[PDB]
>>> print(open('input13.pdb').read())   # PDB, N, CA and C atoms
MODEL        1
ATOM      1  N   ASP A 230     -16.247  19.890 -71.268
ATOM      2  CA  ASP A 230     -16.257  18.435 -71.201
ATOM      3  C   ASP A 230     -15.555  17.949 -69.939
ATOM      4  N   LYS A 231     -14.405  18.542 -69.638
ATOM      5  CA  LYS A 231     -13.659  18.238 -68.427
ATOM      6  C   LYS A 231     -13.966  19.215 -67.303
ATOM      7  N   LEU A 232     -14.736  20.264 -67.590
ATOM      8  CA  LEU A 232     -15.199  21.199 -66.578
ATOM      9  C   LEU A 232     -16.064  20.465 -65.564
ATOM     10  N   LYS A 233     -16.972  19.626 -66.062
ATOM     11  CA  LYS A 233     -17.830  18.851 -65.173
ATOM     12  C   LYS A 233     -17.019  17.860 -64.348
ATOM     13  N   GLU A 234     -15.944  17.314 -64.920
ATOM     14  CA  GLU A 234     -15.067  16.437 -64.154
ATOM     15  C   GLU A 234     -14.429  17.188 -62.991
ATOM     16  N   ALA A 235     -13.993  18.425 -63.237
ATOM     17  CA  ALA A 235     -13.444  19.249 -62.164
ATOM     18  C   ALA A 235     -14.498  19.584 -61.115
ATOM     19  N   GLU A 236     -15.734  19.855 -61.547
ATOM     20  CA  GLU A 236     -16.813  20.094 -60.593
ATOM     21  C   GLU A 236     -17.053  18.869 -59.719
ATOM     22  N   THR A 237     -17.047  17.682 -60.324
ATOM     23  CA  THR A 237     -17.197  16.455 -59.555
ATOM     24  C   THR A 237     -16.044  16.271 -58.581
ATOM     25  N   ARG A 238     -14.821  16.578 -59.018
ATOM     26  CA  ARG A 238     -13.669  16.506 -58.125
ATOM     27  C   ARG A 238     -13.860  17.410 -56.913
ATOM     28  N   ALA A 239     -14.222  18.669 -57.155
ATOM     29  CA  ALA A 239     -14.407  19.610 -56.055
ATOM     30  C   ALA A 239     -15.518  19.157 -55.118
ATOM     31  N   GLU A 240     -16.665  18.753 -55.673
ATOM     32  CA  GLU A 240     -17.797  18.370 -54.836
ATOM     33  C   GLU A 240     -17.498  17.110 -54.034
ATOM     34  N   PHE A 241     -16.809  16.141 -54.639
ATOM     35  CA  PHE A 241     -16.530  14.898 -53.933
ATOM     36  C   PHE A 241     -15.448  15.095 -52.879
ATOM     37  N   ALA A 242     -14.549  16.060 -53.087
ATOM     38  CA  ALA A 242     -13.570  16.362 -52.049
ATOM     39  C   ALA A 242     -14.198  17.166 -50.916
ATOM     40  N   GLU A 243     -15.155  18.039 -51.244
ATOM     41  CA  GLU A 243     -15.770  18.896 -50.236
ATOM     42  C   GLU A 243     -16.573  18.101 -49.214
ATOM     43  N   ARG A 244     -17.338  17.101 -49.659
ATOM     44  CA  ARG A 244     -18.141  16.315 -48.727
ATOM     45  C   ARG A 244     -17.269  15.527 -47.755
ATOM     46  N   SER A 245     -16.074  15.121 -48.190
ATOM     47  CA  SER A 245     -15.149  14.446 -47.290
ATOM     48  C   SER A 245     -14.751  15.349 -46.130
ATOM     49  N   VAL A 246     -14.612  16.651 -46.389
ATOM     50  CA  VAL A 246     -14.285  17.596 -45.324
ATOM     51  C   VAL A 246     -15.373  17.599 -44.259
ATOM     52  N   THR A 247     -16.636  17.662 -44.684
ATOM     53  CA  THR A 247     -17.742  17.651 -43.735
ATOM     54  C   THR A 247     -17.799  16.334 -42.973
ATOM     55  N   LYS A 248     -17.571  15.218 -43.667
ATOM     56  CA  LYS A 248     -17.599  13.920 -42.999
ATOM     57  C   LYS A 248     -16.488  13.805 -41.961
ATOM     58  N   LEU A 249     -15.317  14.379 -42.249
ATOM     59  CA  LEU A 249     -14.177  14.260 -41.346
ATOM     60  C   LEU A 249     -14.224  15.261 -40.196
ATOM     61  N   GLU A 250     -14.914  16.391 -40.373
ATOM     62  CA  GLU A 250     -15.018  17.364 -39.292
ATOM     63  C   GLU A 250     -15.698  16.758 -38.069
ATOM     64  N   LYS A 251     -16.821  16.066 -38.282
ATOM     65  CA  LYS A 251     -17.508  15.407 -37.178
ATOM     66  C   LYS A 251     -16.605  14.375 -36.519
ATOM     67  N   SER A 252     -15.892  13.589 -37.326
ATOM     68  CA  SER A 252     -15.018  12.562 -36.775
ATOM     69  C   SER A 252     -13.946  13.172 -35.886
ATOM     70  N   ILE A 253     -13.270  14.216 -36.372
ATOM     71  CA  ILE A 253     -12.195  14.824 -35.596
ATOM     72  C   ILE A 253     -12.741  15.448 -34.322
ATOM     73  N   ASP A 254     -13.864  16.161 -34.419
ATOM     74  CA  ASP A 254     -14.406  16.811 -33.231
ATOM     75  C   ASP A 254     -14.835  15.783 -32.189
ATOM     76  N   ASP A 255     -15.514  14.718 -32.621
ATOM     77  CA  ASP A 255     -15.944  13.692 -31.680
ATOM     78  C   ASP A 255     -14.749  13.007 -31.031
ATOM     79  N   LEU A 256     -13.727  12.679 -31.827
ATOM     80  CA  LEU A 256     -12.542  12.025 -31.278
ATOM     81  C   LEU A 256     -11.824  12.923 -30.279
ATOM     82  N   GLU A 257     -11.652  14.201 -30.618
ATOM     83  CA  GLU A 257     -10.990  15.128 -29.710
ATOM     84  C   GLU A 257     -11.777  15.292 -28.418
ATOM     85  N   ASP A 258     -13.104  15.387 -28.512
ATOM     86  CA  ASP A 258     -13.903  15.558 -27.303
ATOM     87  C   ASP A 258     -13.893  14.295 -26.452
ATOM     88  N   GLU A 259     -13.835  13.120 -27.084
ATOM     89  CA  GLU A 259     -13.725  11.885 -26.319
ATOM     90  C   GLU A 259     -12.377  11.801 -25.613
ATOM     91  N   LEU A 260     -11.314  12.237 -26.289
ATOM     92  CA  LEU A 260     -10.011  12.354 -25.641
ATOM     93  C   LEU A 260     -10.087  13.294 -24.446
ATOM     94  N   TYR A 261     -10.786  14.416 -24.613
ATOM     95  CA  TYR A 261     -10.938  15.382 -23.532
ATOM     96  C   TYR A 261     -11.661  14.767 -22.341
ATOM     97  N   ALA A 262     -12.730  14.012 -22.602
ATOM     98  CA  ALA A 262     -13.462  13.350 -21.524
ATOM     99  C   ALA A 262     -12.599  12.311 -20.821
ATOM    100  N   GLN A 263     -11.822  11.543 -21.589
ATOM    101  CA  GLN A 263     -10.928  10.557 -20.987
ATOM    102  C   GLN A 263      -9.891  11.230 -20.098
ATOM    103  N   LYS A 264      -9.315  12.338 -20.565
ATOM    104  CA  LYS A 264      -8.341  13.071 -19.763
ATOM    105  C   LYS A 264      -8.980  13.632 -18.498
ATOM    106  N   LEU A 265     -10.214  14.128 -18.606
ATOM    107  CA  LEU A 265     -10.913  14.638 -17.429
ATOM    108  C   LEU A 265     -11.158  13.534 -16.411
ATOM    109  N   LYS A 266     -11.548  12.346 -16.875
ATOM    110  CA  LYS A 266     -11.724  11.219 -15.961
ATOM    111  C   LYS A 266     -10.403  10.840 -15.302
ATOM    112  N   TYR A 267      -9.318  10.869 -16.079
ATOM    113  CA  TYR A 267      -8.000  10.582 -15.523
ATOM    114  C   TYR A 267      -7.643  11.574 -14.424
ATOM    115  N   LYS A 268      -7.912  12.860 -14.648
ATOM    116  CA  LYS A 268      -7.618  13.860 -13.622
ATOM    117  C   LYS A 268      -8.516  13.695 -12.401
ATOM    118  N   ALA A 269      -9.778  13.320 -12.620
ATOM    119  CA  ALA A 269     -10.690  13.109 -11.503
ATOM    120  C   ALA A 269     -10.221  11.965 -10.617
ATOM    121  N   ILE A 270      -9.731  10.878 -11.220
ATOM    122  CA  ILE A 270      -9.194   9.794 -10.403
ATOM    123  C   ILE A 270      -7.817  10.145  -9.849
ATOM    124  N   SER A 271      -7.077  11.036 -10.511
ATOM    125  CA  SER A 271      -5.740  11.385 -10.054
ATOM    126  C   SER A 271      -5.758  12.277  -8.822
ATOM    127  N   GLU A 272      -6.657  13.264  -8.769
ATOM    128  CA  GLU A 272      -6.619  14.240  -7.680
ATOM    129  C   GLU A 272      -6.980  13.606  -6.337
ATOM    130  N   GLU A 273      -7.907  12.647  -6.338
ATOM    131  CA  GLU A 273      -8.224  11.928  -5.108
ATOM    132  C   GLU A 273      -6.998  11.187  -4.586
ATOM    133  N   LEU A 274      -6.286  10.505  -5.483
ATOM    134  CA  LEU A 274      -5.063   9.816  -5.092
ATOM    135  C   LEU A 274      -4.002  10.807  -4.636
ATOM    136  N   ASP A 275      -3.961  11.989  -5.254
ATOM    137  CA  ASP A 275      -3.027  13.021  -4.824
ATOM    138  C   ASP A 275      -3.298  13.455  -3.392
ATOM    139  N   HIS A 276      -4.567  13.655  -3.040
ATOM    140  CA  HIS A 276      -4.908  14.019  -1.666
ATOM    141  C   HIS A 276      -4.570  12.887  -0.697
ATOM    142  N   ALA A 277      -4.872  11.647  -1.091
ATOM    143  CA  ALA A 277      -4.501  10.505  -0.264
ATOM    144  C   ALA A 277      -2.995  10.449  -0.054
ATOM    145  N   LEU A 278      -2.222  10.817  -1.079
ATOM    146  CA  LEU A 278      -0.768  10.832  -0.958
ATOM    147  C   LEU A 278      -0.305  11.984  -0.075
ATOM    148  N   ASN A 279      -1.004  13.119  -0.135
ATOM    149  CA  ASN A 279      -0.687  14.229   0.753
ATOM    150  C   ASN A 279      -0.818  13.805   2.206
ATOM    151  N   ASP A 280      -1.863  13.042   2.521
ATOM    152  CA  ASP A 280      -1.979  12.526   3.884
ATOM    153  C   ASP A 280      -1.043  11.345   4.119
ATOM    154  N   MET A 281      -0.614  10.674   3.047
ATOM    155  CA  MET A 281       0.027   9.370   3.187
ATOM    156  C   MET A 281       1.542   9.467   3.329
ATOM    157  N   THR A 282       2.182  10.398   2.628
ATOM    158  CA  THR A 282       3.643  10.458   2.608
ATOM    159  C   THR A 282       4.141  10.964   3.954
ATOM    160  N   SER A 283       4.452  10.031   4.856
ATOM    161  CA  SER A 283       4.930  10.353   6.201
ATOM    162  C   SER A 283       4.026  11.385   6.865
ATOM    163  N   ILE A 284       2.718  11.157   6.765
ATOM    164  CA  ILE A 284       1.696  12.079   7.254
ATOM    165  C   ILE A 284       1.829  13.429   6.559
TER     166      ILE A 284
ATOM    167  N   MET B   1      -1.600   4.173  -6.648
ATOM    168  CA  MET B   1      -0.409   4.794  -7.209
ATOM    169  C   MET B   1       0.814   3.922  -6.984
ATOM    170  N   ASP B   2       1.963   4.556  -6.771
ATOM    171  CA  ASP B   2       3.202   3.822  -6.555
ATOM    172  C   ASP B   2       3.821   4.105  -5.194
ATOM    173  N   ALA B   3       3.980   5.377  -4.811
ATOM    174  CA  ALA B   3       4.599   5.680  -3.524
ATOM    175  C   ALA B   3       3.802   5.084  -2.379
ATOM    176  N   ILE B   4       2.519   4.824  -2.611
ATOM    177  CA  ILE B   4       1.720   4.072  -1.655
ATOM    178  C   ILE B   4       2.324   2.694  -1.426
ATOM    179  N   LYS B   5       2.766   2.029  -2.494
ATOM    180  CA  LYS B   5       3.382   0.716  -2.328
ATOM    181  C   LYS B   5       4.645   0.801  -1.484
ATOM    182  N   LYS B   6       5.492   1.795  -1.756
ATOM    183  CA  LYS B   6       6.719   1.948  -0.981
ATOM    184  C   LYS B   6       6.415   2.201   0.492
ATOM    185  N   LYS B   7       5.476   3.109   0.776
ATOM    186  CA  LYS B   7       5.125   3.397   2.163
ATOM    187  C   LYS B   7       4.558   2.165   2.852
ATOM    188  N   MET B   8       3.718   1.414   2.144
ATOM    189  CA  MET B   8       3.121   0.215   2.718
ATOM    190  C   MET B   8       4.188  -0.818   3.054
ATOM    191  N   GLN B   9       5.175  -0.983   2.171
ATOM    192  CA  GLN B   9       6.263  -1.909   2.463
ATOM    193  C   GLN B   9       7.083  -1.449   3.660
ATOM    194  N   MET B  10       7.355  -0.146   3.757
ATOM    195  CA  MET B  10       8.098   0.349   4.913
ATOM    196  C   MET B  10       7.349   0.046   6.207
ATOM    197  N   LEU B  11       6.036   0.273   6.210
ATOM    198  CA  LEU B  11       5.265   0.023   7.422
ATOM    199  C   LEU B  11       5.186  -1.463   7.748
ATOM    200  N   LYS B  12       5.098  -2.318   6.732
ATOM    201  CA  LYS B  12       5.144  -3.752   6.992
ATOM    202  C   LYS B  12       6.484  -4.166   7.592
ATOM    203  N   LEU B  13       7.576  -3.561   7.112
ATOM    204  CA  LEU B  13       8.892  -3.806   7.702
ATOM    205  C   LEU B  13       8.906  -3.450   9.181
ATOM    206  N   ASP B  14       8.381  -2.272   9.514
ATOM    207  CA  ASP B  14       8.343  -1.860  10.908
ATOM    208  C   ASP B  14       7.536  -2.839  11.747
ATOM    209  N   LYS B  15       6.394  -3.292  11.225
ATOM    210  CA  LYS B  15       5.570  -4.241  11.969
ATOM    211  C   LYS B  15       6.313  -5.547  12.199
ATOM    212  N   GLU B  16       7.019  -6.031  11.175
ATOM    213  CA  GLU B  16       7.793  -7.258  11.333
ATOM    214  C   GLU B  16       8.811  -7.112  12.450
ATOM    215  N   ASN B  17       9.556  -6.004  12.441
ATOM    216  CA  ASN B  17      10.582  -5.808  13.456
ATOM    217  C   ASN B  17       9.974  -5.726  14.853
ATOM    218  N   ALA B  18       8.867  -4.996  14.991
ATOM    219  CA  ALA B  18       8.248  -4.845  16.302
ATOM    220  C   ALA B  18       7.731  -6.174  16.834
ATOM    221  N   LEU B  19       7.060  -6.955  15.986
ATOM    222  CA  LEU B  19       6.535  -8.235  16.442
ATOM    223  C   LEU B  19       7.664  -9.185  16.821
ATOM    224  N   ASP B  20       8.756  -9.178  16.052
ATOM    225  CA  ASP B  20       9.903 -10.004  16.417
ATOM    226  C   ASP B  20      10.457  -9.608  17.780
ATOM    227  N   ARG B  21      10.598  -8.302  18.020
ATOM    228  CA  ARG B  21      11.079  -7.850  19.319
ATOM    229  C   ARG B  21      10.160  -8.315  20.438
ATOM    230  N   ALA B  22       8.849  -8.198  20.232
ATOM    231  CA  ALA B  22       7.904  -8.595  21.266
ATOM    232  C   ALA B  22       8.016 -10.080  21.570
ATOM    233  N   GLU B  23       8.118 -10.906  20.527
ATOM    234  CA  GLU B  23       8.237 -12.344  20.737
ATOM    235  C   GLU B  23       9.489 -12.685  21.533
ATOM    236  N   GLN B  24      10.624 -12.087  21.159
ATOM    237  CA  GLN B  24      11.861 -12.358  21.882
ATOM    238  C   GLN B  24      11.748 -11.950  23.348
ATOM    239  N   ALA B  25      11.191 -10.762  23.605
ATOM    240  CA  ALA B  25      11.046 -10.306  24.982
ATOM    241  C   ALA B  25      10.163 -11.250  25.781
ATOM    242  N   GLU B  26       9.054 -11.698  25.189
ATOM    243  CA  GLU B  26       8.147 -12.592  25.902
ATOM    244  C   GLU B  26       8.834 -13.904  26.257
ATOM    245  N   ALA B  27       9.597 -14.464  25.317
ATOM    246  CA  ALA B  27      10.298 -15.708  25.611
ATOM    247  C   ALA B  27      11.278 -15.530  26.764
ATOM    248  N   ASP B  28      12.055 -14.445  26.738
ATOM    249  CA  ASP B  28      13.043 -14.248  27.796
ATOM    250  C   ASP B  28      12.373 -14.026  29.144
ATOM    251  N   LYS B  29      11.257 -13.293  29.159
ATOM    252  CA  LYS B  29      10.525 -13.080  30.402
ATOM    253  C   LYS B  29      10.031 -14.398  30.981
ATOM    254  N   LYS B  30       9.509 -15.275  30.121
ATOM    255  CA  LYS B  30       9.102 -16.603  30.567
ATOM    256  C   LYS B  30      10.271 -17.352  31.202
ATOM    257  N   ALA B  31      11.424 -17.347  30.528
ATOM    258  CA  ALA B  31      12.584 -18.079  31.038
ATOM    259  C   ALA B  31      13.022 -17.553  32.403
ATOM    260  N   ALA B  32      13.087 -16.231  32.543
ATOM    261  CA  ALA B  32      13.499 -15.652  33.815
ATOM    262  C   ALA B  32      12.524 -16.015  34.925
ATOM    263  N   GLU B  33      11.221 -16.018  34.617
ATOM    264  CA  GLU B  33      10.238 -16.394  35.631
ATOM    265  C   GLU B  33      10.423 -17.838  36.080
ATOM    266  N   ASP B  34      10.711 -18.739  35.140
ATOM    267  CA  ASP B  34      10.980 -20.123  35.528
ATOM    268  C   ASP B  34      12.197 -20.216  36.443
ATOM    269  N   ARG B  35      13.259 -19.473  36.118
ATOM    270  CA  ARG B  35      14.448 -19.490  36.968
ATOM    271  C   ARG B  35      14.122 -19.016  38.379
ATOM    272  N   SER B  36      13.350 -17.931  38.483
ATOM    273  CA  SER B  36      12.994 -17.395  39.793
ATOM    274  C   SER B  36      12.171 -18.394  40.597
ATOM    275  N   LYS B  37      11.224 -19.073  39.944
ATOM    276  CA  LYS B  37      10.421 -20.048  40.677
ATOM    277  C   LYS B  37      11.281 -21.204  41.171
ATOM    278  N   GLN B  38      12.250 -21.651  40.361
ATOM    279  CA  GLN B  38      13.146 -22.708  40.826
ATOM    280  C   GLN B  38      13.960 -22.248  42.029
ATOM    281  N   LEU B  39      14.436 -21.000  41.995
ATOM    282  CA  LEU B  39      15.189 -20.472  43.130
ATOM    283  C   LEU B  39      14.349 -20.465  44.398
ATOM    284  N   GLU B  40      13.098 -20.011  44.299
ATOM    285  CA  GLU B  40      12.244 -20.004  45.485
ATOM    286  C   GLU B  40      12.008 -21.421  45.997
ATOM    287  N   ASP B  41      11.787 -22.366  45.081
ATOM    288  CA  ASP B  41      11.578 -23.751  45.489
ATOM    289  C   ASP B  41      12.760 -24.261  46.298
ATOM    290  N   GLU B  42      13.974 -24.015  45.806
ATOM    291  CA  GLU B  42      15.153 -24.506  46.512
ATOM    292  C   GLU B  42      15.363 -23.766  47.826
ATOM    293  N   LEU B  43      14.974 -22.491  47.892
ATOM    294  CA  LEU B  43      15.054 -21.778  49.162
ATOM    295  C   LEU B  43      14.157 -22.425  50.215
ATOM    296  N   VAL B  44      12.930 -22.787  49.836
ATOM    297  CA  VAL B  44      12.009 -23.366  50.816
ATOM    298  C   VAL B  44      12.471 -24.761  51.226
ATOM    299  N   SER B  45      12.977 -25.546  50.268
ATOM    300  CA  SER B  45      13.536 -26.846  50.636
ATOM    301  C   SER B  45      14.736 -26.680  51.566
ATOM    302  N   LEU B  46      15.524 -25.621  51.352
ATOM    303  CA  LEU B  46      16.635 -25.305  52.243
ATOM    304  C   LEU B  46      16.142 -25.012  53.652
ATOM    305  N   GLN B  47      15.054 -24.249  53.767
ATOM    306  CA  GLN B  47      14.474 -23.978  55.081
ATOM    307  C   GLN B  47      13.993 -25.259  55.749
ATOM    308  N   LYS B  48      13.376 -26.158  54.976
ATOM    309  CA  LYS B  48      12.949 -27.440  55.530
ATOM    310  C   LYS B  48      14.132 -28.215  56.095
ATOM    311  N   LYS B  49      15.206 -28.327  55.310
ATOM    312  CA  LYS B  49      16.370 -29.095  55.747
ATOM    313  C   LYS B  49      17.013 -28.475  56.984
ATOM    314  N   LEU B  50      17.158 -27.148  56.987
ATOM    315  CA  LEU B  50      17.725 -26.462  58.143
ATOM    316  C   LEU B  50      16.854 -26.657  59.376
ATOM    317  N   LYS B  51      15.530 -26.617  59.203
ATOM    318  CA  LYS B  51      14.627 -26.840  60.327
ATOM    319  C   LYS B  51      14.772 -28.250  60.885
ATOM    320  N   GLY B  52      14.855 -29.253  60.010
ATOM    321  CA  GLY B  52      15.072 -30.609  60.489
ATOM    322  C   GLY B  52      16.381 -30.751  61.247
ATOM    323  N   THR B  53      17.447 -30.137  60.721
ATOM    324  CA  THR B  53      18.743 -30.198  61.390
ATOM    325  C   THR B  53      18.695 -29.521  62.755
ATOM    326  N   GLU B  54      18.035 -28.367  62.845
ATOM    327  CA  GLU B  54      17.908 -27.680  64.126
ATOM    328  C   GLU B  54      17.079 -28.495  65.114
ATOM    329  N   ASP B  55      16.037 -29.174  64.625
ATOM    330  CA  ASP B  55      15.249 -30.059  65.481
ATOM    331  C   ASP B  55      16.113 -31.160  66.067
ATOM    332  N   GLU B  56      16.921 -31.801  65.222
ATOM    333  CA  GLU B  56      17.721 -32.912  65.715
ATOM    334  C   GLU B  56      18.847 -32.429  66.623
ATOM    335  N   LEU B  57      19.385 -31.235  66.372
ATOM    336  CA  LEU B  57      20.319 -30.633  67.320
ATOM    337  C   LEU B  57      19.653 -30.396  68.669
TER     338      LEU B  57
ENDMDL
END
>>> encode(input="input13.pdb", output="structure tokens")
Amino acid sequence: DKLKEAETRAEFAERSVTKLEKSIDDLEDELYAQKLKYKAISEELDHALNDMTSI
Amino acid sequence: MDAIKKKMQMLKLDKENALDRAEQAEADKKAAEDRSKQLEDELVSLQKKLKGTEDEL
């Protein structure tokens, strides 16, 4: 009688894992892309500073 | 960035100082030239007066 309740608990918790895996992976990869863009804009400024700081 | 701002301010400071020096030098050069021209003018008037005096002598 409560066996089916436990099955529902397990199944409803399991689908949340799948739903959250995509969210975490997408968020982490978007963070990675943002950091890469930050480094791309940073290195150009670094080279400009190499030429800029008292030549 | 940031150190760019500091370097830019330092260079603007240098430009301010250099332009101020140039302006001061130009003004003094003008003044000295005016003094020299006045001296030459009075020298030639002196020659005129001496010539007139020698004529009358």
>>> interface_residues(input="input13.pdb", of="chain B", to="chain A", cutoff="8 Å", atoms="only N, CA and C atoms", output="CSV table (one decimal) with N, CA and C atoms, keeping the file's coordinate frame")
chain,number,residue,atom,x,y,z
B,1,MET,N,-1.6,4.2,-6.6
B,1,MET,CA,-0.4,4.8,-7.2
B,1,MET,C,0.8,3.9,-7.0
B,3,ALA,N,4.0,5.4,-4.8
B,3,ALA,CA,4.6,5.7,-3.5
B,3,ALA,C,3.8,5.1,-2.4
B,4,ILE,N,2.5,4.8,-2.6
B,4,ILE,CA,1.7,4.1,-1.7
B,4,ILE,C,2.3,2.7,-1.4
B,7,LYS,N,5.5,3.1,0.8
B,7,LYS,CA,5.1,3.4,2.2
B,7,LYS,C,4.6,2.2,2.9
>>> atom_distance(input="input13.pdb", atom1="atom C of residue 9 in chain B", atom2="CA of residue 29 in chain B")
29.4 Å
>>> atom_distance(input="input13.pdb", atom1="CA of residue 20 in chain B", atom2="CA of residue 284 in chain A")
25.3 Å
>>> atom_distance(input="input13.pdb", atom1="atom C of residue 12 in chain B", atom2="CA of residue 273 in chain A")
25.2 Å
>>> build_atoms(input="input13.pdb", residues="range 247-263 of chain A", atoms="N, CA, C and O atoms", output="CSV table (one decimal), keeping the file's coordinate frame")
chain,number,residue,atom,x,y,z
A,247,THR,N,-16.6,17.7,-44.7
A,247,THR,CA,-17.7,17.7,-43.7
A,247,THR,C,-17.8,16.3,-43.0
A,247,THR,O,-18.0,16.3,-41.8
A,248,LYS,N,-17.6,15.2,-43.7
A,248,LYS,CA,-17.6,13.9,-43.0
A,248,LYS,C,-16.5,13.8,-42.0
A,248,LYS,O,-16.7,13.2,-40.9
A,249,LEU,N,-15.3,14.4,-42.2
A,249,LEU,CA,-14.2,14.3,-41.3
A,249,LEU,C,-14.2,15.3,-40.2
A,249,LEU,O,-13.6,15.0,-39.1
A,250,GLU,N,-14.9,16.4,-40.4
A,250,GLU,CA,-15.0,17.4,-39.3
A,250,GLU,C,-15.7,16.8,-38.1
A,250,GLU,O,-15.2,16.9,-36.9
A,251,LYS,N,-16.8,16.1,-38.3
A,251,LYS,CA,-17.5,15.4,-37.2
A,251,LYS,C,-16.6,14.4,-36.5
A,251,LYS,O,-16.6,14.3,-35.3
A,252,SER,N,-15.9,13.6,-37.3
A,252,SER,CA,-15.0,12.6,-36.8
A,252,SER,C,-13.9,13.2,-35.9
A,252,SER,O,-13.7,12.7,-34.8
A,253,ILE,N,-13.3,14.2,-36.4
A,253,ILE,CA,-12.2,14.8,-35.6
A,253,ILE,C,-12.7,15.4,-34.3
A,253,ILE,O,-12.2,15.3,-33.2
A,254,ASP,N,-13.9,16.2,-34.4
A,254,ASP,CA,-14.4,16.8,-33.2
A,254,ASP,C,-14.8,15.8,-32.2
A,254,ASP,O,-14.5,15.9,-31.0
A,255,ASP,N,-15.5,14.7,-32.6
A,255,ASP,CA,-15.9,13.7,-31.7
A,255,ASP,C,-14.7,13.0,-31.0
A,255,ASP,O,-14.7,12.8,-29.8
A,256,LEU,N,-13.7,12.7,-31.8
A,256,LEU,CA,-12.5,12.0,-31.3
A,256,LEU,C,-11.8,12.9,-30.3
A,256,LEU,O,-11.4,12.5,-29.2
A,257,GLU,N,-11.7,14.2,-30.6
A,257,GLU,CA,-11.0,15.1,-29.7
A,257,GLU,C,-11.8,15.3,-28.4
A,257,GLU,O,-11.2,15.3,-27.3
A,258,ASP,N,-13.1,15.4,-28.5
A,258,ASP,CA,-13.9,15.6,-27.3
A,258,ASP,C,-13.9,14.3,-26.5
A,258,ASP,O,-13.9,14.4,-25.2
A,259,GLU,N,-13.8,13.1,-27.1
A,259,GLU,CA,-13.7,11.9,-26.3
A,259,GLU,C,-12.4,11.8,-25.6
A,259,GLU,O,-12.3,11.3,-24.5
A,260,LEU,N,-11.3,12.2,-26.3
A,260,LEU,CA,-10.0,12.4,-25.6
A,260,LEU,C,-10.1,13.3,-24.4
A,260,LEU,O,-9.5,13.0,-23.4
A,261,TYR,N,-10.8,14.4,-24.6
A,261,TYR,CA,-10.9,15.4,-23.5
A,261,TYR,C,-11.7,14.8,-22.3
A,261,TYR,O,-11.3,15.0,-21.2
A,262,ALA,N,-12.7,14.0,-22.6
A,262,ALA,CA,-13.5,13.4,-21.5
A,262,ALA,C,-12.6,12.3,-20.8
A,262,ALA,O,-12.6,12.2,-19.6
A,263,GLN,N,-11.8,11.5,-21.6
A,263,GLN,CA,-10.9,10.6,-21.0
A,263,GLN,C,-9.9,11.2,-20.1
A,263,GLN,O,-9.6,10.8,-19.0
